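See below for my_file22.csv, which holds CSV, N, CA, C and O atoms.
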```csv
chain,number,residue,atom,x,y,z
A,1,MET,N,44.6,-16.1,-73.6
A,1,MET,CA,45.2,-15.8,-75.0
A,1,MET,C,44.0,-15.6,-76.0
A,1,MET,O,43.7,-16.5,-76.7
A,2,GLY,N,43.5,-14.4,-76.0
A,2,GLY,CA,42.4,-14.1,-76.9
A,2,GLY,C,42.6,-12.8,-77.7
A,2,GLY,O,42.7,-11.7,-77.0
A,3,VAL,N,42.6,-12.9,-79.0
A,3,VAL,CA,42.8,-11.7,-79.8
A,3,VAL,C,41.4,-10.9,-79.9
A,3,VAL,O,40.4,-11.5,-80.2
A,4,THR,N,41.5,-9.6,-79.6
A,4,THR,CA,40.3,-8.8,-79.6
A,4,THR,C,40.3,-7.8,-80.7
A,4,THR,O,41.4,-7.6,-81.4
A,5,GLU,N,39.2,-7.1,-81.0
A,5,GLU,CA,39.1,-6.2,-82.1
A,5,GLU,C,39.7,-4.8,-81.7
A,5,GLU,O,39.1,-3.9,-81.4
A,6,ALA,N,41.1,-4.8,-81.9
A,6,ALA,CA,41.8,-3.5,-81.6
A,6,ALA,C,41.7,-2.6,-82.8
A,6,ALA,O,41.2,-1.4,-82.7
A,7,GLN,N,42.0,-3.1,-84.0
A,7,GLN,CA,41.9,-2.2,-85.2
A,7,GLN,C,40.7,-2.6,-86.0
A,7,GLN,O,40.6,-2.6,-87.2
A,8,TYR,N,39.6,-2.8,-85.2
A,8,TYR,CA,38.3,-3.1,-85.7
A,8,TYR,C,37.9,-2.1,-86.7
A,8,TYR,O,37.9,-0.9,-86.5
A,9,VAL,N,37.5,-2.6,-87.9
A,9,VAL,CA,37.0,-1.8,-89.0
A,9,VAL,C,38.1,-0.7,-89.4
A,9,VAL,O,39.3,-0.8,-89.1
A,10,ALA,N,37.6,0.4,-89.9
A,10,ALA,CA,38.4,1.6,-90.3
A,10,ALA,C,37.5,2.8,-90.6
A,10,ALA,O,37.0,2.9,-91.7
A,11,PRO,N,37.3,3.7,-89.6
A,11,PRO,CA,36.5,4.9,-89.8
A,11,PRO,C,37.2,5.9,-90.7
A,11,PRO,O,38.3,6.3,-90.4
A,12,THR,N,36.6,6.3,-91.8
A,12,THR,CA,37.2,7.2,-92.7
A,12,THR,C,36.6,8.6,-92.5
A,12,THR,O,37.2,9.5,-92.0
A,13,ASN,N,35.4,8.8,-93.0
A,13,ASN,CA,34.8,10.1,-93.1
A,13,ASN,C,33.4,10.2,-92.4
A,13,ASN,O,32.5,10.9,-92.9
A,14,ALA,N,33.2,9.4,-91.4
A,14,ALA,CA,32.0,9.3,-90.6
A,14,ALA,C,30.9,8.6,-91.5
A,14,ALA,O,30.4,7.6,-91.1
A,15,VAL,N,30.5,9.2,-92.6
A,15,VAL,CA,29.6,8.6,-93.5
A,15,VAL,C,30.0,7.2,-93.9
A,15,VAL,O,29.3,6.3,-93.9
A,16,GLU,N,31.3,7.1,-94.3
A,16,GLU,CA,31.9,5.9,-94.7
A,16,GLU,C,31.9,4.9,-93.6
A,16,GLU,O,31.6,3.7,-93.8
A,17,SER,N,32.2,5.3,-92.4
A,17,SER,CA,32.2,4.4,-91.2
A,17,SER,C,30.9,3.8,-90.9
A,17,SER,O,30.7,2.6,-90.7
A,18,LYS,N,29.8,4.7,-91.0
A,18,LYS,CA,28.5,4.2,-90.8
A,18,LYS,C,28.1,3.3,-91.9
A,18,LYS,O,27.3,2.3,-91.6
A,19,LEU,N,28.6,3.5,-93.1
A,19,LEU,CA,28.3,2.6,-94.2
A,19,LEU,C,28.9,1.3,-93.9
A,19,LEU,O,28.3,0.2,-94.1
A,20,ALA,N,30.2,1.3,-93.5
A,20,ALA,CA,30.9,0.1,-93.3
A,20,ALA,C,30.2,-0.9,-92.3
A,20,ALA,O,30.2,-2.1,-92.6
A,21,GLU,N,29.6,-0.4,-91.3
A,21,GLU,CA,28.9,-1.2,-90.4
A,21,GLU,C,27.5,-1.6,-90.9
A,21,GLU,O,26.9,-2.6,-90.5
A,22,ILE,N,27.0,-0.8,-91.8
A,22,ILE,CA,25.6,-1.1,-92.4
A,22,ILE,C,25.7,-2.0,-93.6
A,22,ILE,O,24.7,-2.8,-93.8
A,23,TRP,N,26.8,-2.0,-94.3
A,23,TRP,CA,26.9,-2.8,-95.5
A,23,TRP,C,27.8,-4.0,-95.4
A,23,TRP,O,27.5,-5.1,-95.9
A,24,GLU,N,28.9,-3.8,-94.7
A,24,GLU,CA,30.0,-4.8,-94.6
A,24,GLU,C,30.5,-5.2,-96.0
A,24,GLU,O,31.5,-4.6,-96.5
A,25,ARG,N,29.8,-6.1,-96.6
A,25,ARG,CA,30.1,-6.6,-97.9
A,25,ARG,C,29.1,-6.2,-98.9
A,25,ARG,O,29.3,-6.3,-100.1
A,26,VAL,N,28.0,-5.6,-98.4
A,26,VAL,CA,26.9,-5.1,-99.2
A,26,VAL,C,26.1,-6.3,-99.8
A,26,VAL,O,25.1,-6.1,-100.5
A,27,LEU,N,26.6,-7.5,-99.7
A,27,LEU,CA,26.0,-8.7,-100.3
A,27,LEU,C,26.0,-9.9,-99.4
A,27,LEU,O,25.0,-10.5,-99.1
A,28,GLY,N,27.2,-10.3,-98.9
A,28,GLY,CA,27.4,-11.5,-98.2
A,28,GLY,C,27.7,-11.2,-96.7
A,28,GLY,O,27.7,-12.1,-95.9
A,29,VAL,N,27.9,-9.9,-96.4
A,29,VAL,CA,28.2,-9.4,-95.0
A,29,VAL,C,29.0,-10.4,-94.2
A,29,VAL,O,28.5,-11.2,-93.4
A,30,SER,N,30.3,-10.4,-94.5
A,30,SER,CA,31.2,-11.4,-93.8
A,30,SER,C,32.7,-11.1,-94.1
A,30,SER,O,33.4,-11.9,-94.7
A,31,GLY,N,33.2,-9.9,-93.6
A,31,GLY,CA,34.6,-9.6,-93.8
A,31,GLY,C,35.1,-8.7,-92.6
A,31,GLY,O,36.0,-9.2,-91.9
A,32,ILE,N,34.5,-7.6,-92.4
A,32,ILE,CA,34.8,-6.6,-91.4
A,32,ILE,C,35.2,-7.4,-90.1
A,32,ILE,O,34.3,-8.0,-89.4
A,33,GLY,N,36.4,-7.3,-89.7
A,33,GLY,CA,36.9,-7.9,-88.5
A,33,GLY,C,37.8,-7.0,-87.7
A,33,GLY,O,37.6,-5.8,-87.7
A,34,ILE,N,38.8,-7.6,-87.0
A,34,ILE,CA,39.7,-6.9,-86.2
A,34,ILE,C,40.7,-6.0,-87.0
A,34,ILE,O,41.7,-5.6,-86.5
A,35,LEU,N,40.4,-5.9,-88.3
A,35,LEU,CA,41.3,-5.1,-89.2
A,35,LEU,C,40.5,-4.8,-90.5
A,35,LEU,O,41.1,-4.9,-91.6
A,36,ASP,N,39.3,-4.4,-90.3
A,36,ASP,CA,38.4,-4.0,-91.5
A,36,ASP,C,38.3,-5.2,-92.4
A,36,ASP,O,38.1,-6.3,-92.0
A,37,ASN,N,38.3,-4.9,-93.7
A,37,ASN,CA,38.2,-5.9,-94.8
A,37,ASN,C,39.4,-5.6,-95.7
A,37,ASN,O,39.2,-5.6,-96.9
A,38,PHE,N,40.6,-5.4,-95.1
A,38,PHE,CA,41.8,-5.0,-95.9
A,38,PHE,C,41.4,-3.9,-96.9
A,38,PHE,O,41.3,-2.8,-96.5
A,39,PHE,N,41.3,-4.3,-98.1
A,39,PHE,CA,40.9,-3.3,-99.2
A,39,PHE,C,40.0,-3.9,-100.2
A,39,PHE,O,40.2,-3.9,-101.4
A,40,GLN,N,38.9,-4.5,-99.7
A,40,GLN,CA,37.9,-5.0,-100.6
A,40,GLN,C,36.5,-4.9,-99.9
A,40,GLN,O,35.8,-5.9,-99.7
A,41,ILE,N,36.1,-3.7,-99.7
A,41,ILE,CA,34.8,-3.4,-99.1
A,41,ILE,C,33.7,-2.9,-100.1
A,41,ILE,O,32.5,-3.0,-99.8
A,42,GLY,N,34.2,-2.3,-101.2
A,42,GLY,CA,33.3,-1.7,-102.1
A,42,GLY,C,33.7,-1.8,-103.6
A,42,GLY,O,33.4,-0.9,-104.4
A,43,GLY,N,34.3,-2.9,-103.9
A,43,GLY,CA,34.8,-3.0,-105.3
A,43,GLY,C,35.3,-4.4,-105.6
A,43,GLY,O,34.5,-5.3,-105.7
A,44,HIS,N,36.6,-4.6,-105.7
A,44,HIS,CA,37.3,-5.9,-105.8
A,44,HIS,C,36.9,-6.7,-107.0
A,44,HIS,O,37.8,-7.1,-107.8
A,45,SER,N,35.6,-7.0,-107.2
A,45,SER,CA,35.1,-7.8,-108.3
A,45,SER,C,34.7,-6.9,-109.4
A,45,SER,O,35.3,-7.0,-110.5
A,46,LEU,N,33.7,-6.2,-109.2
A,46,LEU,CA,33.2,-5.2,-110.3
A,46,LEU,C,33.8,-3.9,-110.1
A,46,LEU,O,33.8,-3.0,-111.0
A,47,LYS,N,34.5,-3.7,-108.9
A,47,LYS,CA,35.2,-2.4,-108.7
A,47,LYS,C,34.3,-1.2,-108.9
A,47,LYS,O,34.6,-0.4,-109.8
A,48,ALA,N,33.2,-1.1,-108.2
A,48,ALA,CA,32.2,-0.1,-108.4
A,48,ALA,C,31.1,-0.1,-107.4
A,48,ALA,O,30.2,0.7,-107.4
A,49,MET,N,31.0,-1.2,-106.6
A,49,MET,CA,30.0,-1.4,-105.6
A,49,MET,C,29.9,-0.2,-104.7
A,49,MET,O,28.8,0.3,-104.4
A,50,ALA,N,31.0,0.4,-104.3
A,50,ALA,CA,31.0,1.6,-103.4
A,50,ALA,C,30.7,2.8,-104.2
A,50,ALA,O,30.0,3.7,-103.7
A,51,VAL,N,31.0,2.8,-105.5
A,51,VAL,CA,30.7,4.0,-106.4
A,51,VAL,C,29.2,4.1,-106.5
A,51,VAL,O,28.7,5.2,-106.7
A,52,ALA,N,28.5,3.0,-106.4
A,52,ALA,CA,27.0,3.0,-106.5
A,52,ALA,C,26.4,3.0,-105.1
A,52,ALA,O,25.2,3.5,-105.0
A,53,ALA,N,27.1,2.6,-104.1
A,53,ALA,CA,26.5,2.5,-102.8
A,53,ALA,C,26.6,3.8,-102.0
A,53,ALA,O,25.6,4.2,-101.4
A,54,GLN,N,27.8,4.5,-102.1
A,54,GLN,CA,28.0,5.7,-101.3
A,54,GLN,C,28.2,6.9,-102.2
A,54,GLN,O,27.7,7.9,-102.0
A,55,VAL,N,29.0,6.7,-103.3
A,55,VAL,CA,29.3,7.7,-104.1
A,55,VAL,C,28.1,8.2,-104.9
A,55,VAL,O,27.7,9.4,-104.7
A,56,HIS,N,27.5,7.3,-105.6
A,56,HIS,CA,26.4,7.7,-106.5
A,56,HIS,C,25.2,8.4,-105.9
A,56,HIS,O,24.5,9.2,-106.5
A,57,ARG,N,25.0,8.3,-104.6
A,57,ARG,CA,23.9,8.9,-103.9
A,57,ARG,C,24.2,9.7,-102.7
A,57,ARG,O,23.4,10.3,-102.1
A,58,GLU,N,25.5,9.9,-102.4
A,58,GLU,CA,25.9,10.6,-101.2
A,58,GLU,C,27.2,11.5,-101.5
A,58,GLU,O,27.3,12.5,-100.8
A,59,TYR,N,28.0,11.1,-102.5
A,59,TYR,CA,29.3,11.8,-102.6
A,59,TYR,C,29.4,12.3,-104.1
A,59,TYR,O,30.2,13.2,-104.3
A,60,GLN,N,28.7,11.7,-105.0
A,60,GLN,CA,28.7,12.3,-106.4
A,60,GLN,C,28.0,13.6,-106.4
A,60,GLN,O,28.0,14.4,-107.3
A,61,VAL,N,27.3,13.9,-105.3
A,61,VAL,CA,26.6,15.2,-105.1
A,61,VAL,C,27.7,16.3,-104.9
A,61,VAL,O,27.5,17.4,-105.4
A,62,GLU,N,28.9,15.9,-104.4
A,62,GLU,CA,30.0,16.8,-104.1
A,62,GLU,C,31.3,16.2,-104.7
A,62,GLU,O,31.6,16.6,-105.9
A,63,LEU,N,32.0,15.4,-104.0
A,63,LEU,CA,33.3,14.9,-104.4
A,63,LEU,C,33.4,13.4,-104.1
A,63,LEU,O,33.1,12.9,-103.0
A,64,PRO,N,33.8,12.6,-105.1
A,64,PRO,CA,34.1,11.2,-104.9
A,64,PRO,C,35.5,10.9,-104.4
A,64,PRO,O,36.5,11.2,-105.1
A,65,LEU,N,35.6,10.4,-103.2
A,65,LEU,CA,36.9,10.2,-102.5
A,65,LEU,C,37.5,9.0,-103.1
A,65,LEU,O,38.8,8.9,-103.2
A,66,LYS,N,36.7,8.0,-103.5
A,66,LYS,CA,37.2,6.7,-104.1
A,66,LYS,C,38.1,6.0,-103.1
A,66,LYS,O,37.8,5.9,-101.9
A,67,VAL,N,39.2,5.4,-103.6
A,67,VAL,CA,40.2,4.7,-102.8
A,67,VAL,C,39.6,3.5,-102.0
A,67,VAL,O,40.2,3.0,-101.0
A,68,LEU,N,38.4,3.0,-102.4
A,68,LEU,CA,37.8,1.9,-101.7
A,68,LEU,C,36.9,1.1,-102.7
A,68,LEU,O,35.8,0.6,-102.3
A,69,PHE,N,37.3,0.9,-103.9
A,69,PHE,CA,36.6,0.2,-104.9
A,69,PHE,C,37.4,-0.4,-106.0
A,69,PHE,O,37.3,-1.6,-106.3
A,70,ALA,N,38.4,0.3,-106.5
A,70,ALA,CA,39.3,-0.1,-107.6
A,70,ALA,C,40.5,-0.9,-107.1
A,70,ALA,O,41.6,-0.8,-107.6
A,71,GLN,N,40.2,-1.8,-106.1
A,71,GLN,CA,41.3,-2.6,-105.5
A,71,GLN,C,40.7,-3.9,-104.9
A,71,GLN,O,39.6,-3.8,-104.3
A,72,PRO,N,41.3,-5.0,-105.1
A,72,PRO,CA,40.9,-6.3,-104.5
A,72,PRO,C,41.6,-6.5,-103.1
A,72,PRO,O,41.0,-6.9,-102.2
A,73,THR,N,42.9,-6.1,-103.0
A,73,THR,CA,43.7,-6.2,-101.8
A,73,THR,C,45.1,-5.8,-102.1
A,73,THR,O,46.0,-6.4,-101.6
A,74,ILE,N,45.2,-4.8,-102.9
A,74,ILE,CA,46.5,-4.2,-103.2
A,74,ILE,C,46.3,-2.8,-102.8
A,74,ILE,O,45.2,-2.3,-102.6
A,75,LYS,N,47.4,-2.1,-102.6
A,75,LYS,CA,47.4,-0.7,-102.4
A,75,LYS,C,47.2,0.0,-103.7
A,75,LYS,O,47.5,1.2,-103.9
A,76,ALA,N,46.5,-0.7,-104.6
A,76,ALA,CA,46.1,-0.2,-105.9
A,76,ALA,C,45.1,0.9,-105.7
A,76,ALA,O,44.9,1.7,-106.6
A,77,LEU,N,44.4,0.9,-104.6
A,77,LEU,CA,43.5,2.0,-104.3
A,77,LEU,C,44.2,3.4,-104.3
A,77,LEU,O,43.6,4.4,-104.7
A,78,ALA,N,45.4,3.4,-103.8
A,78,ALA,CA,46.2,4.6,-103.8
A,78,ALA,C,46.8,4.8,-105.1
A,78,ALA,O,46.9,6.0,-105.6
A,79,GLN,N,47.3,3.8,-105.7
A,79,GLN,CA,47.9,3.9,-107.0
A,79,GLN,C,47.0,4.1,-108.2
A,79,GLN,O,47.3,4.1,-109.3
A,80,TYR,N,45.7,4.2,-107.8
A,80,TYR,CA,44.7,4.5,-108.8
A,80,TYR,C,44.2,5.9,-108.6
A,80,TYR,O,44.2,6.7,-109.5
A,81,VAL,N,43.7,6.2,-107.4
A,81,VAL,CA,43.1,7.5,-107.1
A,81,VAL,C,44.2,8.6,-106.9
A,81,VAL,O,43.9,9.8,-106.8
A,82,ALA,N,45.4,8.2,-106.7
A,82,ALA,CA,46.5,9.1,-106.6
A,82,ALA,C,47.5,9.0,-107.8
A,82,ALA,O,48.6,9.4,-107.7
A,83,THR,N,47.0,8.4,-108.9
A,83,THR,CA,47.8,8.3,-110.1
A,83,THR,C,46.9,8.6,-111.3
A,83,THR,O,47.4,9.3,-112.3
A,84,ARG,N,45.6,8.3,-111.2
A,84,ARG,CA,44.7,8.6,-112.3
A,84,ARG,C,43.8,9.8,-111.8
A,84,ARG,O,42.7,10.1,-112.4
A,85,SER,N,44.2,10.4,-110.7
A,85,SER,CA,43.5,11.5,-110.1
A,85,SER,C,44.6,12.3,-109.3
A,85,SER,O,44.4,13.5,-109.1
```

Give the structure from this file in structure tokens form.
Amino acid sequence: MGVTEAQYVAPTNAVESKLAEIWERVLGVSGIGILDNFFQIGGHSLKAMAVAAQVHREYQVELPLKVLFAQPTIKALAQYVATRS
């Protein structure tokens, strides 16, 4: 009886997925498990870590997808980027 990483992390747009494995928490690296880090991989506290980690230097060049910063663990990521955008 052992739970394995079935829904391990969450690949989004290739670049994001590679980031997820490279940063995890970008500070304490201790969340990504058999279900990603719910919805707190690039924001939650200052709600901008991802905006500076991936957006500011990789996606602000083109388009900011967001939905991974302005939420601690609510579907607020959707109710933000699909309500204020």

Enumerate, as a PyMOL selection string, the complete set of residues in chain A that a backbone-based DSSP assignment places in alpha helix (DSSP H). chain A and resi 15-23+49-50+78-81

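Atom N of residue 26 of chain A is positioned 7.2 Å from atom CA of residue 41 of chain A.
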
Show which residues sit within 7 Å of segment 62-67 of chain A, as a PyMOL selection string. Count only C-alpha atoms, and ignore same-chain residues fewer than 5 positions away. chain A and resi 55+77-78+81

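Here atom CA of residue 59 of chain A stands at a distance of 15.0 Å from atom CA of residue 20 of chain A.
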
Can you work out the spacing between atom O of residue 72 of chain A and atom O of residue 57 of chain A in Å, to one decimal? 24.6 Å

Neighbours of segment 33-35 of chain A within 8 Å (only N, CA, C and O atoms; same-chain residues fewer than 2 positions away dropped), as number ranges by chain? A: 3-10, 30-31, 37-39

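Distance check against residue 23 of chain A using only C-alpha atoms: of A:74, A:56, A:82, A:50, the minimum falls on A:50.
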
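Taking all atoms listed in the file into account, residue 73 of chain A lies nearest to A:44 out of the set A:61, A:16, A:36, A:44.
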
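Taking only C-alpha atoms into account, residue 47 of chain A lies nearest to A:68 out of the set A:27, A:14, A:32, A:68.
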